[PDB]
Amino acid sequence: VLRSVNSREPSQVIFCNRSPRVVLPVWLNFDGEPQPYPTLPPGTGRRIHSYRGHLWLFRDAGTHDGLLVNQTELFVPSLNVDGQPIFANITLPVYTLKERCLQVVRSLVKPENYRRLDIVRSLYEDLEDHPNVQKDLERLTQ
C-alpha cells in the first residue's frame, strides 16, 4: 500500500544528518518492502541519486529509533528546480520523556535482563517493544 512509484524520473537529493545518531536511510521499494542503504555518520552528508515519487524514512542505525526528515516522517524527492538538488534535513525529534528514558535503559541493559529490573511489568513490556520499521509502517498507513 505504502510504496514508491516507478516513475523513472531521476531526482538528486542530499541526505544531511543533523543528529548525533548514525542514520540508516530506508527506501520502500515498489512492493512496499523496506530496503536498507549505507549508513550516515553524525554530521555528515551524502549527495545521492533517487527518483520522483520514491518513499524514504530514516532511523537510528543502531537502535532503530525513529528520526525526522524535513520535520516529518516520510521524505519524497520532488522535481529539481534549476538543477538544484533537494535537501533532506535529518534531525532528532522531540522524544517523549518516557521514550527517551526507554532508549537510555535499552542501551544499558541486555534484553534478557529486562525482567531483572525492578519496575512495573507495564514498563517491562514497553522496554521489549523495540522501535521497528515494520511496526511503524503499519501505523503510518493510518
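We number the residues from 1 along the sequence you see.
Comparing 119 to 127 with 6 to 14, the higher mean C-alpha B-factor in the PDB entry belongs to 119 to 127. Once the C-alpha B-factors are averaged per stretch, 37 to 45 and 77 to 85 rank with 77 to 85 first. Residue 97 sits in the middle third of its chain by CA B factor, as recorded in the PDB entry.
Sorting the modelled residues of the chain by their CA temperature factor places residue 108 in the highest third.
Ranked by Cα temperature factor within the chain, residue 114 sits in the highest third according to the deposited record.
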